[PDB]
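Read through the structure below, which is laid out as structure tokens, and then see the notes.
2 protein chains.
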Amino acid sequence: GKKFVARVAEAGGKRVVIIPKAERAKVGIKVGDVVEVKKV
Amino acid sequence: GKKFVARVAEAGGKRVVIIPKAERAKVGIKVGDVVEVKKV
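Protein chains in written order, with our numbering: chain Z, 1 to 40; chain C, 41 to 80.
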């Protein structure tokens, strides 16, 4: 339930939210994890 | 404040949340928009 703020970016012709290593460590996110994305 | 569920994926050597066109339309997200990402 921990969260972080980010910006939608364009990478490889896709709209993505890049998750830096620091943010992964703070929120406890690994590849494959399910997340909730909310527009602010 | 609208939200959608997604999975952290790996693309271009980065950990990202791909946002499909349908999800962008439902949540009202454009590139550059600030979003909140919460681990479920």
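From the three backbone atoms N, C-alpha and C, an ideal C-beta is built for every residue, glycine too.
Please classify residue i as buried or exposed, where buried requires at least 16 neighbouring CB atoms within 10 angstroms.
i: Z:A22; result: exposed
i: C:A46; result: buried
i: Z:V34; result: exposed
i: C:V56; result: buried
List the residues of chain Z that residue i touches, going by C-beta distances under 7 Å, in chain order.
i: residue 138 of chain C; result: No information on residue 138 of chain C is available, as it lies outside the stretch 41 to 80 that chain C covers here.
Along chain C, which residues have their Cβ under 7 Å away from the Cβ of residue i?
i: Z:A22; result: Result: empty, since nearest Cβ-Cβ is about 11 Å, beyond 7 Å.
Excluding sequence positions up to five away, which residues of its chain have a Cβ less than 6 Å from the Cβ of residue i?
i: C:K78; result: none
i: C:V80; result: none
Please list, in chain order, the chain C residues whose beta carbon lies closer than 8 Å to that of residue i.
i: Z:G12; result: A51 and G52
Between residue i and residue j, which are expected to be in contact by the criterion C-beta below 8 Å, what is the C-beta distance as a whole number of angstroms?
i: C:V67; j: Z:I19; result: About 18 Å separates the two Cβ atoms, so there is no contact after all.
i: C:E76; j: Z:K30; result: About 19 Å; that fails the 8 Å criterion.
Chain C partners of residue i, CB-CB under 9 Å?
i: Z:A6; result: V57, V74, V75, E76 and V77
For residue i, collect the residues of the same chain with a Cβ closer than 8 Å to its Cβ; drop the 5 residues on either side in sequence, then sort them by chain order.
i: C:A51; result: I58
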